Every structure is written in structure tokens, then in C-alpha cells.
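This report refers to the structure that appears directly beneath it.
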Amino acid sequence: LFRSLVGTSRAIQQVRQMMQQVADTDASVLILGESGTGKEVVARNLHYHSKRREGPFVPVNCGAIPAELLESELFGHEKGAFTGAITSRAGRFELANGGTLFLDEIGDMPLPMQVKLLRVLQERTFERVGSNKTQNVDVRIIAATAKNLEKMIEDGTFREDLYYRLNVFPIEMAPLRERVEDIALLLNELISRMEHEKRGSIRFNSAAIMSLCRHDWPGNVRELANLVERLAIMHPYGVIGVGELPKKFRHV
Ligand SMILES: Nc1ncnc2c1ncn2[C@@H]1O[C@H](COP(=O)(O)OP(=O)(O)OP(O)(O)=S)[C@@H](O)[C@H]1O
Ligand SMILES: [Mg+2]
């Protein structure tokens with residue numbers, strides 16, 4: 001199920017080298033890049049080539065989780081912690097023990113939780129909400145952001161100390177529009193997925209590929225994948241020329 005990073009560009013070949021180097025280590029990894037540039041693919045790949053490969057891979061979607069329950073969600077809770085605690089759950093961190101914790105959009109993590117994350121990176125311990133008992137954790141952190149963390153540091157919306165703790169081995173994902181030589185290969189890979197998964201089939205003629213190579217791709221590879229899916233419904237087992245592209249994708 002593991003995905004590979006497809007592409008021949010300078011930038012993507014560089015990311016593969018960096019991945020191979022850091023994967024087997026226990027260093028924290030910060031992956032930086034726009035939405036849809038492969039940051040989670042990079043993260044999953046790092047994990048399954050790590051010492052922790054058979055351990056759990058636990059995502060944390062920093063922006064989504066209701067702030068009311070953020071600390072509970074991340075660190076678990078004991079009972080009578082808060083209104084309607086009742087049951088019992090452990091948090092994302094405890095669940096990730098012996099594995100990898102993946103902090104998707106770390107730029108959205110609120111300051112109070114940044115302090116607590118810094119404790120885990122530094123003391124490798126934590127306490128469930130309500131309990132002042134201390135638990136050891138054994139996790140490797142991989143974080144990703146589309147934000148400018150150094151701007152945030154300046155704005156005081158991101159902690160400098162967490163930053164230097166997390167940014168031990170940064171990996172930059174170039175946006176699609178800077179890797180346009182990879183677009184054909186990405187197309188083949190995406191079409192191959194869709195075929196292997198009984199979800200239709202298409203192929204692009206050279207003109208249509210030229211047109212796509214001139215596109216800005218604000219949604220990067222996720223936007224590319226979206227377009228392949230739509231075209232396979234609009235023109236099943238068809239060949240996509242310039243004229244079958246939606247007008248926004250035409251650049252001639
Ligand atoms: N180089 C690549 N080779 C193959 N598939 C890729 C590549 N880059 C991205 N993908 C795929 O395109 C999609 C992009 O997914 P992600 O890796 O999650 O993007 P992202 O950078 O994590 O953006 P967010 O934070 O989830 S909005 C996934 O379906 C990936 O499998
Ligand atoms: Mg993701």
C-alpha cells in the first residue's frame with residue numbers, strides 16, 4: 001500500500017536521498033511544502049523504512065481537533081478529568097508508542113500544546129489529562145507544515161524552542177509547477193493506480209501533456225490526481241487531448 005515518490009527532477013531525487021539518510025535514524029523530521037506535494041507520502045515512507053517500521057503510524061491533524069479536547073486527544077485522560085469524561089481512552093501519543101507520530105500541519109498546533117510537545121521531545125514523558133502520574137513515551141516525531149514557521153516565530157505564534165527541536169532534518173517538497181518534468185511520470189503512476197483499482201482508464205496525448213505542464217497546479221499532485229479521476233469518468237478508456245481538458249487546464 002506503501003507509495004513511492006515518483007519523478008526525475010533534481011528536487012525529487014534530492015528528497016529521496018534525504019529520506020534514505022534520515023529514515024533509519026530516530027531524528028525528528030520536518031517536512032515542508034504546499035498542500036498536496038507528497039508530505040504524508042514522504043512521512044509514511046520514512047516510517048516503513050525506519051527502526052519503527054512495524055510499529056504504529058499515528059496521524060494528528062493539528063488544525064481539526066476541537067481545542068476544548070485537544071489536550072485530551074493528544075495525551076489521553078483519566079476520569080473526572082472534565083465534563084463527561086466517564087470512560088477511558090489513551091491519547092495519540094500513547095497510541096503511537098513504539099511507532100511514529102505524524103503531526104500534519106504543525107503550524108496549526110496551538111501554543112499551549114506546542115509547550116507540551118516540547119516536553120515529549122525533551123523529557124520523553126507526559127501525563128494523561130487529570131492524572132499527574134507520569135508516563136514514558138517512545139515515539140518518533142515527523143511533522144509537516146505548509147506554513148512559514150520562521151514568520152510565525154517572529155509573530156510569536158510558534159515557539160522558537162520547539163522549532164529548533166523539531167527542525168533537525170528538514171525536507172522541502174517542491175510544488176508541482178517547479179517540477180513539471182515529473183508530470184508525465186506522475187500521470188502514468190496515477191493512471192496505473194486507477195487501473196489496478198478497477199476505477200477506469202485513460203491516457204493523455206502529447207499536446208494535452210504539454211498543456212498540463214504549463215498549469216500552475218495550486219493543489220499540486222492532489223489536484224493532478226483529481227483531474228485524472230474526473231477525466232476517467234468523462235471519457236472512459238479514452239484519449240485526452242487539449243479539447244478534453246477543462247478550459248482552466250488549457251495553455252496553448
Ligand atoms: N511524488 C509522488 N509520487 C507518487 N504519488 C505522489 C507523489 N506526491 C504525491 N503523491 C500522491 O498524491 C497525493 C498527495 O498526498 P499527500 O502526500 O498527503 O500530500 P500532502 O503534502 O500531505 O498535503 P496535505 O497536507 O495532506 S493537504 C496522495 O494521493 C499521494 O499518494
Ligand atoms: Mg496529508
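Simple scheme: letters A, B, ... for chains in C-alpha cells order, numbers from 1 for residues in each chain, numbers from 1 for ligands in the order shown.
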Next item on the list: Set the cut-off to 6 Å, count only C-alpha atoms and all ligand atoms, and list whatever residues fall near ligand 1 as a PyMOL selection string.
Entry: chain A and resi 3-6+35-41+221-222
Next, write the just-selected residues to a file, as a CSV table (one decimal), in the first residue's frame, keeping N, CA, C and O atoms as the atom set.
chain,number,residue,atom,x,y,z
A,3,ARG,N,3.4,4.0,-0.7
A,3,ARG,CA,3.6,4.7,-2.0
A,3,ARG,C,5.0,5.1,-2.3
A,3,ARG,O,5.8,5.3,-1.3
A,4,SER,N,5.4,5.2,-3.5
A,4,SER,CA,6.7,5.7,-3.9
A,4,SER,C,6.6,7.1,-4.4
A,4,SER,O,5.5,7.5,-4.9
A,5,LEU,N,7.6,7.9,-4.2
A,5,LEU,CA,7.8,9.2,-4.7
A,5,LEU,C,8.2,9.1,-6.1
A,5,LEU,O,9.4,8.8,-6.4
A,6,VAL,N,7.4,9.5,-7.1
A,6,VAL,CA,7.7,9.3,-8.5
A,6,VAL,C,8.3,10.6,-9.0
A,6,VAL,O,8.0,11.7,-8.4
A,35,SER,N,0.2,22.2,0.2
A,35,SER,CA,-0.8,21.2,0.2
A,35,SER,C,-0.7,20.3,-1.1
A,35,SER,O,-0.6,20.8,-2.2
A,36,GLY,N,-0.7,19.0,-0.9
A,36,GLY,CA,-0.7,18.1,-2.0
A,36,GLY,C,0.6,17.8,-2.6
A,36,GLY,O,0.7,17.4,-3.7
A,37,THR,N,1.7,18.1,-1.9
A,37,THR,CA,3.1,17.9,-2.5
A,37,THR,C,3.8,16.6,-2.1
A,37,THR,O,4.9,16.4,-2.4
A,38,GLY,N,3.0,15.7,-1.5
A,38,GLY,CA,3.6,14.4,-1.1
A,38,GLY,C,4.1,14.3,0.4
A,38,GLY,O,4.9,13.4,0.7
A,39,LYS,N,3.7,15.3,1.2
A,39,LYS,CA,4.4,15.3,2.6
A,39,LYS,C,4.0,14.1,3.4
A,39,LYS,O,4.9,13.6,4.1
A,40,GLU,N,2.8,13.6,3.3
A,40,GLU,CA,2.4,12.4,4.1
A,40,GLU,C,3.0,11.2,3.4
A,40,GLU,O,3.4,10.2,4.1
A,41,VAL,N,3.1,11.1,2.1
A,41,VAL,CA,3.8,10.0,1.4
A,41,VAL,C,5.2,9.9,1.9
A,41,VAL,O,5.7,8.9,2.2
A,221,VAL,N,-0.2,17.8,-6.5
A,221,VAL,CA,-0.4,16.5,-7.0
A,221,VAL,C,-1.8,16.0,-6.7
A,221,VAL,O,-2.4,15.2,-7.5
A,222,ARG,N,-2.3,16.5,-5.6
A,222,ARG,CA,-3.7,16.1,-5.3
A,222,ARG,C,-4.7,16.7,-6.3
A,222,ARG,O,-5.7,16.1,-6.6
Next item on the list: May I ask you to write as a count of residues only all residues lying at most 12 Å from ligand 2, with only C-alpha atoms and all ligand atoms counted?
Entry: 31
Notebook entry, point to check: Per DSSP on the backbone, what are the strand (DSSP E or B) residues of region 53-129 of chain A, as a list in words?
Noted result: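 Put together, the selection reads residues 57, 58, 59, 60, 61, 77, 89, 99, 100, 101, 102, 103, 104, 125, 126 and 129 of chain A.
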With C-alpha atoms retained, write the just-selected residues as a PDB file, in the first residue's frame.
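Output contents, as saved in part06.pdb:
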ATOM      1  CA  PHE A  57       1.814   5.158  12.305  1.00  0.00           C
ATOM      2  CA  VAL A  58      -0.357   7.689  14.113  1.00  0.00           C
ATOM      3  CA  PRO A  59      -1.532  10.883  12.379  1.00  0.00           C
ATOM      4  CA  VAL A  60      -2.574  14.020  14.285  1.00  0.00           C
ATOM      5  CA  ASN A  61      -4.445  16.622  12.255  1.00  0.00           C
ATOM      6  CA  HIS A  77      -7.327  11.331  30.071  1.00  0.00           C
ATOM      7  CA  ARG A  89      -9.118   6.428  26.202  1.00  0.00           C
ATOM      8  CA  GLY A  99       5.935   3.911  16.451  1.00  0.00           C
ATOM      9  CA  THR A 100       5.773   7.231  14.657  1.00  0.00           C
ATOM     10  CA  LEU A 101       3.570  10.219  15.469  1.00  0.00           C
ATOM     11  CA  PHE A 102       2.770  12.262  12.393  1.00  0.00           C
ATOM     12  CA  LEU A 103       1.899  15.913  13.060  1.00  0.00           C
ATOM     13  CA  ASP A 104       0.105  17.082   9.981  1.00  0.00           C
ATOM     14  CA  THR A 125       7.380  11.724  29.185  1.00  0.00           C
ATOM     15  CA  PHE A 126       3.850  13.012  29.571  1.00  0.00           C
ATOM     16  CA  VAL A 129      -5.228  14.846  31.470  1.00  0.00           C
TER      17      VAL A 129
END
Notebook entry, point to check: Contacts of residue 113 (chain A) at 9 Å or less, counting only C-alpha atoms, minus same-chain residues fewer than 3 places along, as a VMD selection string?
Noted result: chain A and resid 70 to 71 74 109 to 110 116 to 118
Margin query: Neighbouring residues of residue 194 (chain A) were defined as those with any atom within 12 Å, considering only C-alpha atoms; residues of the same chain fewer than 3 positions away were excluded. Please report them as a ChimeraX atom specification.
Written below: /A:187-191,197-203,225-226,228-233,236-237
Margin query: I want to know what sits within 6 Å of region 16-26 of chain A, based on only C-alpha atoms, with residues of the same chain fewer than 5 positions away left out; could you give that as a ChimeraX atom specification?
Written below: /A:46,49-51
